[PDB]
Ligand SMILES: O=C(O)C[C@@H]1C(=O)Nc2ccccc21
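Just the one chain here, laid out as structure tokens, in the form solved without this ligand.
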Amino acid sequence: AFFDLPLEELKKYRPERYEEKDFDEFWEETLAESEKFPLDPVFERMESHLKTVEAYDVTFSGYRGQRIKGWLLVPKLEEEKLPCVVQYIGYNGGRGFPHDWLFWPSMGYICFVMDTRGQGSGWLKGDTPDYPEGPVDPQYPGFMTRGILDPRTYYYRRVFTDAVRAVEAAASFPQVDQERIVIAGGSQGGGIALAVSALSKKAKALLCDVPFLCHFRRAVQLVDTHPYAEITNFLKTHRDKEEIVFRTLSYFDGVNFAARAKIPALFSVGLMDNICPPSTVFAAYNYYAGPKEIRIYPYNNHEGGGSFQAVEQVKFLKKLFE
């Protein structure tokens, strides 16, 4: 019984955008403030059972100098400068083990896996704490409503800033070819990557699968699945805070970043996805301002194109970087 707009409508779907007059200023100032702290990227080579890949334990300074973990996986190859995928992680995930991230290396790409602050407890473990802007306001369980009463205190202000800085950290690794740095993610990872496509000066291509954190007002109207339902549940209780909540969310909405993003991108969507509804994904894709393609999977839910989509991504990047 799930259904969004028909495909012909989805392809033309361009809802009115809402953002505050200071959207750009907010992000400029946020990034400037964090850039005042040295990146201090650390890549510690590890003793590992992996044989085809060199694994490094990563640390770097993200939001306000806060130290973020990651992995760096380098495939053992003759080529001196290698292309690079900066990988962002889905909701309730974390960096896990180096072996959880063998795809891109196996395809000949260095992979920088960014750990997600405060999460890492749902489906894959993580090692990086969050650090709040002082008091942690009343919230619904999870990360979606953490600090939501003000953009400056909002959880994803910190995540997005870490994500922008992760690309700088990857770029600092000597074996990375800076002309071929890719930002990638699915769901939460895709919404992060979308922000980064607008904010980073270093990223050269975007892989954005079944993106989360897009078109919040519609998402919350359409589905009662988690994690978007964290927001709805907040609003069910804090009935006086509707305007404020959506004002805050406007600064983090992937649709508003997409409108600013200029790098080439490959999107994916599942037309039966009731976690990240197709209309939210198409809103972002349709506003995306760089060269772009989308793979559409009519019969898939939130798994999207799965391993088929991974192949499409390899082919897409090969072609782009020739």
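The first residue of the sequence shown is number 1, and the count goes up from there.
- In this entry, the higher average B-factor at the C-alpha atoms falls on 43-51, of the pair 43-51 and 250-258.
- Judged by mean Cα B factor in the deposited record, 193-201 ranks above the other of 193-201 and 87-95.
- Taking the deposited Cα B-factors for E133, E230, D162, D115, the highest one is held by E133.
- The residue among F212, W101, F143, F173 whose C-alpha carries the highest B-factor in the deposited model is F173.
- Ranked by Cα temperature factor within the chain, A166 sits in the lowest third according to the deposited record.
- Among the modelled residues of the chain, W123 sits in the highest third by CA temperature factor in this PDB entry.
- Per-chain ranking of the deposited C-alpha B factor places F37 in the highest third.
- Ranked by Cα temperature factor within the chain, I183 sits in the middle third according to the deposited record.
- Ranked against the other modelled residues of its chain, the C-alpha B-factor of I244 as given in the entry falls in the highest third.
In what follows, reference is made to the form solved in complex with this ligand, a form of this protein that is not presented.
- Contact annotation: this ligand lies within 4.5 Å of heavy atoms from the stretch 226-234 in the bound PDB entry, the single such stretch among 200-208, 226-234, 243-251, 68-76.
- Shown here without its partner, the chain carries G90, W123 and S187, all of which come within 4.5 Å of this ligand in the bound PDB entry through at least one heavy atom.
- At least one heavy atom of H302 is located within 4.5 Å of this ligand in the bound PDB entry.
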